[PDB]
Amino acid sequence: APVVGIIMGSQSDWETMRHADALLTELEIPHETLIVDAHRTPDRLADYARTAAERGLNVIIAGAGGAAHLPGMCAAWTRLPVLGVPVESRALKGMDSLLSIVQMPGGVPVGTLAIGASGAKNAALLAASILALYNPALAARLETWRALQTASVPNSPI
């Protein structure tokens, strides 16, 4: 059963959010990958978020661009930790996505990652670091992942 939910606003978000899917797949974390649009499918959003904990999700990763309300509205309906990924927008380069995600009021948090693929990748890693706290096997795979990242960095340019 999936323990992380990755959800995004539209098909065009998949270009960014696939980086999150891949990383969870790489660490062997059971997850589901869905499209949920806060503005065009608000009821779908409410249902998804309000039932998330009881279906066994531990962490939700939500990605959106523009006026990105998806992560925030999700956090409004579950006590689960929600991680937000600002998808890069065509005009304002994700600066709108960023400010509409990261600036949540006191009381309803969203842990925000970088604009773009990097944030998608880091949402996945953060969700792993969270799960790692109570799954010792995953904890080990994660330290393997980090150590390899570290050791793989070249010493000079080409």
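The first residue of the sequence shown is number 1, and the count goes up from there.
When the C-alpha B-factors of 108-116 and 45-53 are averaged, 45-53 comes out higher. Take 27, 126, 102, 38 and read off each C-alpha B-factor from the entry; 27 has the highest. Annotation for residue 133: CA B-factor lies in the highest third of the chain's modelled residues. Among all modelled residues in its chain, residue 66 ranks in the highest third by Cα B-factor.
Among the modelled residues of the chain, residue 98 sits in the lowest third by CA temperature factor in this PDB entry.
Compared with the other modelled residues of the chain, the Cα B-factor recorded for residue 89 ranks in the highest third.
Among the modelled residues of its chain, residue 149 has a C-alpha B-factor that falls in the lowest third, as given in the PDB entry.
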